[PDB]
Structure formats: C-alpha cells, structure tokens
C-alpha cells in the first residue's frame, strides 16, 4: 500500500505464484514446466518487478547460473524465491552458501521435494520464510503460502 508491499508467495509440487499488492506477478501451474527455484527481484521503493527467472536446480549447472545471477542483484533489492516440484538435487554448496549469506534459514538446508518460500532484502534482513520438508521420497513438502509485509524505501 503506502511504505509497505503486501507480498504473497506460494511453493508446491505443482504450482508457484507470487503476488505483490494484490497483483499476480508470477503464476506457473503448468505440468512438466517451470521446475526448480523461481526468483523474482523487486525495486525496493516501488515494488516493480526488475527480474524474473527460473533455475531448474533439479538439473546440473542451474545453481551456478543462479549464483551468477544473484551476485549481480543490488543489495537493496527485494528478493523472492519459491520452489516448484524439486529444487535441491543440484543445489550445491556455493549456492547454499549464497542463500545462507542472505539470511535464509531453509534455503541452505533445502532437501528433496521440499517446498520453500522466501522474501528478503538482498543485503539482509529476511522478511519472511516458510519451508516444508518432504516426508518421504515419493512425497512432496506441504504447499506453503507465505504472506509478508515488506518495507519500502523512500526519501
């Protein structure tokens, strides 16, 4: 609304979405597309979407692309991450260390078919995070819907 953004972030086996101030900026419910970690970067004064990516970190090399991308994001941006299906198999140590450095608690621990939603300032702090661990190899984490108020910059 004013000096705040209302952000909603959904992570699940079959669907991700992100809404900012009641507007859907990401929605992917397609079968067999969009696996991995979805990353949205917002301008920290307006909430406008600066970048939207998906890294299929179930597959090799995509976490390296994610690291290169995230390292170019400015510290003040709002960073949103959400998993569709599976984002951990090839989320390797450099990517996990990068998520840890953002203050993410669940990202560095992401496991097989876990669901994960994250909203934070690139240079810290984290504003909201949710995580559900998959209970079995044949299962997924529970869908998570994170609703977070994000402060906006001004002056």
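Numbering follows the first chain given and starts at 1.
**Student:** Looking at the deposited entry, does 27-35 or 49-57 carry the larger mean Cα B-factor?
**Tutor:** The stretch with the larger average C-alpha B-factor is 27-35.
**Student:** Going by the B-factors listed in the PDB entry, is the mean over the C-alpha atoms higher for 1-9 or for 144-152?
**Tutor:** According to the entry, 1-9 carries the higher average C-alpha B-factor.
**Student:** Which is it among 63, 114, 93, 129: the one with the largest CA B-factor in the entry?
**Tutor:** Highest C-alpha B-factor among the listed residues goes to 93.
**Student:** Please pick out which of 41, 110, 102, 119 has the largest Cα B-factor as recorded in the entry.
**Tutor:** The record points to 102.
**Student:** Lowest, middle or highest third: where is residue 67 by Cα B-factor in its chain?
**Tutor:** Lowest third, going by the recorded CA B-factors of the chain.
**Student:** In terms of the chain's CA B-factor thirds, is residue 74 lowest, middle or highest?
**Tutor:** Top third by C-alpha B-factor.
**Student:** Residue 19's Cα B-factor: lowest, middle or highest third of the chain?
**Tutor:** For residue 19, the deposited C-alpha B-factor lands in the lowest third.
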